[PDB]
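Report on the structure
What follows is each chain in one-letter form.
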Amino acid sequence: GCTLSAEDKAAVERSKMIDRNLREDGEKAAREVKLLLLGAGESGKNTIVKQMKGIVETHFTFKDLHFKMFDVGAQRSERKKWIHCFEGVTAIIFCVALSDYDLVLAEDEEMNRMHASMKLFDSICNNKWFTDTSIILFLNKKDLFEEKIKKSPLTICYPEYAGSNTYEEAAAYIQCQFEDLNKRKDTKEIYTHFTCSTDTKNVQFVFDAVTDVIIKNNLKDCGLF
Amino acid sequence: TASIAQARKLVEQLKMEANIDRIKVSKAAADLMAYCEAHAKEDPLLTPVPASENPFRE
Amino acid sequence: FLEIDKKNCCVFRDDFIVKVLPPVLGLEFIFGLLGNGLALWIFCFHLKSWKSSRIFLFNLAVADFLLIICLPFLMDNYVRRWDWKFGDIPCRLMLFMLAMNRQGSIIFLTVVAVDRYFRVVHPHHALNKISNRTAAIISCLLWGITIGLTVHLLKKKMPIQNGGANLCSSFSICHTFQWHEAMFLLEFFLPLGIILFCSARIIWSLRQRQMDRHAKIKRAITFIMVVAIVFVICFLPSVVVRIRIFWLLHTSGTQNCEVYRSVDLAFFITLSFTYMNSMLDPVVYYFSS
Amino acid sequence: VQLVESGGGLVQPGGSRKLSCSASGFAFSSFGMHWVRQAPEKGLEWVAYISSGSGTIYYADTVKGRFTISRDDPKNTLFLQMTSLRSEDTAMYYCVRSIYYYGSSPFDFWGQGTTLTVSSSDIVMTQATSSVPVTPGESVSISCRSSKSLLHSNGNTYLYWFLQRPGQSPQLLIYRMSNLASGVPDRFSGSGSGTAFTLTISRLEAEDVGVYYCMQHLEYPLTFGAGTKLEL
Amino acid sequence: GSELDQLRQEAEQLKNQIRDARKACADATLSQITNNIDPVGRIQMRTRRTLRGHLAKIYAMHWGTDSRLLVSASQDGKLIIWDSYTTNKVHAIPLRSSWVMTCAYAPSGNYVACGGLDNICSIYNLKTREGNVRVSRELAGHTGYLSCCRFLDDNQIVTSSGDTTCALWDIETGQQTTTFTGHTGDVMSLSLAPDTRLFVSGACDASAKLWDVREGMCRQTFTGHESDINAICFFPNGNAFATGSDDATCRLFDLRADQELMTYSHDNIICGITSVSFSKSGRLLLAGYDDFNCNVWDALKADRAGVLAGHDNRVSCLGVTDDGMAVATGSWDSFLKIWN
Ligand SMILES: CC(C)(Cc1nc(-c2ccc(O)cn2)no1)C(=O)NC1=C(C(=O)O)CCCC1
């Protein structure tokens, strides 16, 4: 104070105003929810994105809460070098359309799309940067699945399965074989939901899941945990 | 012929990275060491600059 | 037994105080001192988090570590049968450190509950993201009320000397309304209501949303009932006895104080349950969570 | 960039008047503002300072409690308010912008100011010479002095040189007694030491004639010298 | 068929020939020559300044030319220009894409460059007339994430991307005048020579390449690391460079005799390197590991001479001044620190 010229004091003042603007900016960034979106391709990722409304971004609001979706479909790069940038997100949203077992991807006629989706979900679910991160599993395009299943039992992709080939037992079995992939079971929860392309709920579901995650985080902040 | 053309481009690059001169390792080590010795006075962090001439003094 | 302070009082310095109270209080001293000292050591050097809820808990520890070091002089007061041989200056310090570090245990015990009522029933509320600079403004603006209510017991010639040798005490039977008895009644009746309301809604909201299936979300509900069970045990006895004191004092006057001989023996027992609370809080709140 | 200033005129000695400059073409809300006053056929004198964020305010010792500066960032407009006007308040007023950070160049743009007429310790800087005759094509030198050392301990030397060509407003020429402002040729230079300094010009040109001024900025108040004219 | 087989074979014995030719030029080792000189003592350096104000992870910092200013980049969405002496805040610049991986400071002091995970490189103008910092250029054209950027002069810039390509750009022109192709894996870093004539780049295929700005050609290819390459930089003399990798190892490569010079690794370290930098005389090498702390090794003897242990998370960026006055470290705990 006593050693500073008349020009140094103005510089200190400028630095202080910059400090206050940084602090005010960084607080509004903590009233928004981060959701990272993944899928196996045309697994209904695009259709859920159009349902809710380089690296792609999306923003939406619903009952006074701000959600951000970070779509990384087109990056096509080595995923291990850019995945930790999302280490602190709220949730992951993973899309797979459940009528896509008979129709195989162009890459292979034998290895089906369901096996690739299983590989993707298994690889994401045990990532070292997501040990405390919840996952919302959407299962898409359900109406077509009965038409595809009645022509051939699930034995094509589920040969070790036995069932009368109704929608309920088939879809339920698919969901089981999906949620059994988790390896945490104590610091992670998986929320599964069956839906068609069109919907009137895919938005409430994510609201509920993130409300649960937030309340648990709060109770952990208490130490009541 | 596209595959053999790509192999042709790769072997061209191989041709033109085998047309360079080589020196010894001892000479390069000596050069590095000599440059290090000759500048052992203008660097504050190596030879601790006395606290009377440093603008980061606490 | 009658005696004359500024008022008409009938203290009963009697026996059986001398043979039980000091051994009771020694263990409470050596355990409360230890527990709150370790809690303070944890929060001073080994807690880098420093978020808004661990600074509403450090203050509880500093408030109920102070009403522990206040004990040994009381053991020496009781051992030698009500002789206050430490002069006038400590008869302000000690009678201020008792009446301040007890209300300040209750106050910081009753914020660590309203804090959770919001972290569960009303989450995403702005109050859940207050800074730890706007919280150590009300963790210092709350010591203000305690001090500003316990000052007017420093400006008195407190050591009362008569035929009885130097009682240092302001709890005594009388007939004049001392509004520092209402500050006993209120200080127990309001925090209990708040704590019960908060814990009730916490538990009833944490199952209407069906979170009531996870293994480690039950230990929290049990630990929310544990703290509220040890708040009636430690305090209600000494309260109801004092309602009985006023009941007798209104049914009959301060004429033949023989009546009170038994009940005043009870108070200085039921008061020792209040010193209990300061030595099992570093567990129910600090390690067992 | 421009600072169009208005508010002047003729005033009875007992009265109030306001002077407002409107800033267009830059980020006005990051710039400390000053008022600097010049008297008819005399030198000039500093008036007042208001910084970025309305934190620090400074007045000249002769204007204390009778002038009032004010700022408006939502519309980029700055005012000065006067209530007591003795006969020695007839002058013109130039509002200057400046910005302070490491490497900045304060007193960079100057504006045009307005003319107000009225019905009829401190460091000292003096320019002994009043006019140096010269013909184009050779060196010219002007010298200024201070009452003490202006080299602050941090390393700077808050001495400024700046020019007023006949019939217009000033513009910075040298800031911190060694550095050359943006937009002026390398014909100019400035040297000095301790308390004695010299502005210098190598090649004279028909645009180089003017009245030259020195200022210090070490502490408050800001103090000028006299006006050193050049003639062809 | 036969043509494909014979051409792949020919590529193979040419690779064998190049390997044999770099083996045939070695007759000594660096350590044998250098073990005699007296070692520098314990490098006791204390935090003389602590810059705080970022609210998230920090990835990039770059020193100014005068050795008094510097710039830094974090996920908050901010670039910051600092005053190292008075700990003031000179400039604070917003960004459009929060996901940034690199920034650089112009050798004159008029511009800065930022980019990452968006396939763009943005150029901002510091010394403007208007008083603010504004975006001057949006270089576009890569198909991966941008990993590094460096200014050549006030008009030329060189970028490396995750789509396995490097490129040279002309800021006024707005288009690539040279593309450098040949990396299999993603390219993660690059460094410019002292005289701006050649630059090295290191990639995810455990190799680095030397490039000719004028010729746009891969003159040398360097191998030897077991895993990815995270950071690279030249020696100040301009005839060597230092590589930091993801297998808990640092390495030195020569240019004239393109071999392995020295390896810096300790068994107690099993984590990854994020940055390297050199001393004013090139006697000390600073490496930022993600075991939360920085290491100061002898860039000449492959020993350990000091530790900078003042950070509580991953050490991402690191830098040294043009005169040697200080070093600066950033980290994922959002704190910058100056050591003297
Ligand atoms: C001073 C006190 C506590 C009675 C008292 N306290 C207040 C008061 C009023 C308002 C308020 O907010 C807080 N305190 N008014 O009277 C008292 O006689 N205490 C005694 C003991 C004890 O309390 O442990 C041990 C044995 C000797 C008697």
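Residues numbered from 1 in each chain as written, not as in the entry; some residues may be left out. Chains lettered and ligands numbered in written order. Heavy atoms only, no water. Residues with missing side-chain atoms left out of burial classes, pairs and counts.

Deposited coordinates in this entry are attributed by the record to cryo-EM, at a stated resolution of 2.60 Å.

The next thing to look at is the state of the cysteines. Residue and element names in this part refer to chain D. Overall, the coordinates contain four disulfides over all chains when judged by the stated rule. The partner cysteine of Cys144 in its disulfide is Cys214, sulfur to sulfur 2.0 Å. In this structure the cystine formed by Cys144 and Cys214 twists about its S-S bond by roughly 75°; its chirality is therefore right-handed. Taken together, the residues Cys144 in strand β13 (residues 140-146) and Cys214 in strand β19 (residues 211-216) connect sequence positions 70 residues apart. (Disulfide = S-S within 2.5 Å. Helix = DSSP H or I, 4+ residues; strand = E, 2+ residues; numbered from the N terminus.)

Another aspect to go through is the interface of chain A and chain C. With 18 residues of chain A at the interface, the matching set in chain C holds 21 residues. The contact between chain A and chain C buries some 1900 Å² in all, and 62% of this surface belongs to carbon and sulfur atoms. Interface area lost by chain A to chain C is led by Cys222, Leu224 and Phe225 of chain A, which between them contribute 32%. Summed over the shared surface of chain A and chain C, the number is two salt bridges. Notably, a salt bridge pairs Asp212 of chain A with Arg209 of chain C, separated by 3.2 Å at the nearest N-O pair. Taken together, chain A and chain C are joined by four residue pairs in polar contact. For the side of chain A that touches chain C, the per-class residue count stands at eight nonpolar, three polar and seven charged. (Contact = heavy atoms within 4.5 Å. Buried area = accessible area lost by both parts, 1.4 Å probe. Salt bridge = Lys/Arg side-chain N within 4 Å of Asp/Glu carboxyl O. Polar contact = N/O pair within 3.5 Å; in protein donor to acceptor, adjacent residues only side chain to side chain. Nonpolar A, V, L, I, M, F, W, Y, C, P; charged D, E, K, R; others polar.)

Time to look at the domain arrangement of chain A. Quite often, the size of an interface is put as the accessible area lost when its parts meet. Domain annotation of chain A identifies domain 1 (1-30) and domain 2 (31-222). The distance between the C-alpha centroids of domain 1 of chain A and domain 2 of chain A comes to 45 Å. (Domains from an automatic or database assignment.)

Counting from both sides, the interface comprises 53 residues of chain E and, opposite them, 38 residues of chain B. Together chain E and chain B conceal approximately 4200 Å² of surface at their shared face, both sides included; 70% is due to carbon and sulfur atoms. Taken together, the connections running from chain E to chain B amount to two salt bridges. A salt bridge links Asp31 of chain B to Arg256 of chain E, with the shortest nitrogen-to-oxygen separation between them at 3.4 Å. Connecting chain E to chain B are four residue pairs in polar contact. Contributions of two or more residues to the side of chain E that touches chain B are made by α1 (2-23), α2 (30-34), β1 (47-52) and β17 (218-223) of chain E. For the side of chain E that touches chain B, the element with the highest residue contribution is α1 of chain E, accounting for eleven residues.

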